[PDB]
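What the coordinates show
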Amino acid sequence: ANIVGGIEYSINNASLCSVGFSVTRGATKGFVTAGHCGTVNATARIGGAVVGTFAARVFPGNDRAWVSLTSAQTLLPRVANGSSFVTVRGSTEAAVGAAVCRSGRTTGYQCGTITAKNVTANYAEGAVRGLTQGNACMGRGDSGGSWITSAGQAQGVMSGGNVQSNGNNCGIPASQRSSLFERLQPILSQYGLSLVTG
């Protein structure tokens, strides 16, 4: 399969999540995503076919993971924006006040701004501290998906948000949205990953 940020993938033929970013660990291919999406060596599928397994994860506390893909997959420096793409050009972290979009299989491509950093998410499983908060909307299934600026700087992966009764926070104004992402840089360094760029 072609590995593009924001696309859908299943875990052990059960839950769905979204791809974060294409990365390599030496000769190994892979993609970063959210830690709550899978467990150590769980099987990931795209298009109903096996693509790789969860090589590592940290959830809760943090919310990160990377899926180790077989050589058959094609890594791409892309993030889905409708039928088109946003090129991944780097990983410069944007400051509070910056615009930033996100990509996922449920709400697609959504944009907003960064309202805060070092935010806490007291999830059902436990706390997840150190997250960054934007006001772009999101919903159930967007987890693991890419957060990237329109300039192409990869920011992190979708962790969680104040989901309303229908499942997302797109129905309420940005002023009420708490959409949270796990910063990309600590994921890259912890697992010795290199971001695939174009």
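Rules and cut-offs
- Residues numbered from 1 in each chain as written, not as in the entry; some residues may be left out.
- Heavy atoms only, no water.
- Core = buried A, V, L, I, M, F, W, Y, C linked by side-chain atoms within 4.5 Å.
- Buried < 20%, exposed > 50% of the residue type's maximum accessible area, 1.4 Å probe, protein only.
- UniProt positions renumbered as here; feature names shortened; annotations may be inferred.
- Helix = DSSP H or I, 4+ residues; strand = E, 2+ residues; numbered from the N terminus.
- Contact = heavy atoms within 4.5 Å.
- Disulfide = S-S within 2.5 Å.
- Domains from an automatic or database assignment.
- Buried area = accessible area lost by both parts, 1.4 Å probe.
- Salt bridge = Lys/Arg side-chain N within 4 Å of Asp/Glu carboxyl O.
- Polar contact = N/O pair within 3.5 Å; in protein donor to acceptor, adjacent residues only side chain to side chain.
- Nonpolar A, V, L, I, M, F, W, Y, C, P; charged D, E, K, R; others polar.
- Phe/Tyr/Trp six-rings, centres within 6.5 Å; stacked < 30°, edge-to-face > 60°.
- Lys NZ or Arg CZ within 6 Å of the ring centre and 35° of its normal.

Method of determination, as given in the entry header: X-ray crystallography; reported resolution: 1.50 Å.

Turning to the nonpolar core, a few remarks are in order. Counting residues in hydrophobic clusters, the biggest one holds 18 residues, and the most contacted among them are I3, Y9, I11, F31, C37, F54 and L69. One finds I148, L184, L188 and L195 within the second-largest nonpolar core, a separate group that totals 17 residues.

The positions that UniProt labels "active site" are, in the present scheme, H36, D63 and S143. Spanning 108 residues, the named residues form one tight spatial group whose C-alpha atoms are at most 10.1 Å apart. Mapped onto the fold, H36 is located in the loop between β5 (28-33) and β6 (43-46). Apart from residues no more than four positions distant in its own chain, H36 is found in contact with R57, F59, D63, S143, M158 and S159. Tracing the chain through its elements places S143 in the loop between β13 (126-134) and β14 (146-148). A relative accessible area of 13% places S143 in the buried class. When sequence neighbours within four positions are dropped, the list of residues in contact with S143 reads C17, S18, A34, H36, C37, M158 and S159.

Residue position: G144 is located in the loop between β13 and β14. Exposure remark for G144: the relative accessible area of 0% places this residue in the buried category. On a C-alpha basis, the gap between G144 and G126 in space is 18 Å, while along the polypeptide they are 18 residues apart. If sequence neighbours within four positions are ignored, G144 has contacts with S18, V19, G20, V32, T33, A34, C37, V157 and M158.

Moving on: the UniProt feature "disulfide bond" in the protein. Taking the pair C17 and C37, which UniProt gives as a disulfide, the gap between the sulfur atoms is 2.3 Å, short enough to count as bonded. Separated by 20 residues along the polypeptide, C17 in strand β3 (residues 15-18) and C37 in the loop between β5 and β6 bring together distant segments of the chain. Here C17 falls in the buried class, since its relative accessible area comes to 4%. With an S-S distance of 2.3 Å, the disulfide that UniProt assigns to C101 and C111 is formed in this structure. Linking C101 in strand β11 (residues 99-104) with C111 in strand β12 (residues 108-123), this pair joins segments that are 10 residues apart in sequence.

Our focus in this paragraph is the domain arrangement of the protein. The accessible area lost on association of the parts is a frequent measure of interface size. Annotation of the protein at the domain level lists domain 1 (3-76 + 184-196) and domain 2 (77-183). Each of domain 1 and domain 2 has a C-alpha centre, and these two points are 17 Å apart. Contacts between the two partners involve 28 residues from domain 1, matched on the other side by 34 residues from domain 2. A buried area of about 2,300 Å², summed over both sides, lies between domain 1 and domain 2, and 58% of it is on carbon and sulfur atoms. Linking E8 and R105 is a salt bridge whose minimum nitrogen-to-oxygen distance equals 2.9 Å. Taken together, the connections running from domain 1 to domain 2 amount to 21 residue pairs in polar contact. If you list the elements that add at least two residues to the side of domain 1 that touches domain 2, you get β1 (2-5), β3, β5 and α1 (184-191). Per-element accounting of the side of domain 1 that touches domain 2 gives the leading share, four residues, to α1. When the residues that make up the side of domain 1 that touches domain 2 are grouped by side-chain class, the tally is 16 nonpolar, nine polar and three charged.

Now for the packing of aromatic side chains. All told, the structure shown has four aromatic pairs when counted by the stated rule. Seen in terms of ring centroids, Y9 and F31 are 4.9 Å apart; in terms of plane orientation they differ by 65°. Their pairing is edge-to-face. Taken together, the residues span a long stretch of sequence, with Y9 in strand β2 (residues 8-11) and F31 in strand β5 at a distance of 22 residues. With a relative accessible area of 0%, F31 lands in the buried category. Centroid distance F59 to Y123: 6.2 Å. Interplanar angle 40°. Geometry classified as tilted. Taken together, the residues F59 in the loop between β7 (49-58) and β8 (64-69) and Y123 in strand β12 connect sequence positions 64 residues apart. Using a relative accessible area of 22% as the deciding quantity, one classes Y123 as partly exposed. Members of the aromatic cluster, each reached through a chain of ring pairs, are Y9, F31 and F54. Over the face of the ring belonging to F85 we find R78, whose NZ or CZ atom lies 6.0 Å from the ring centre.

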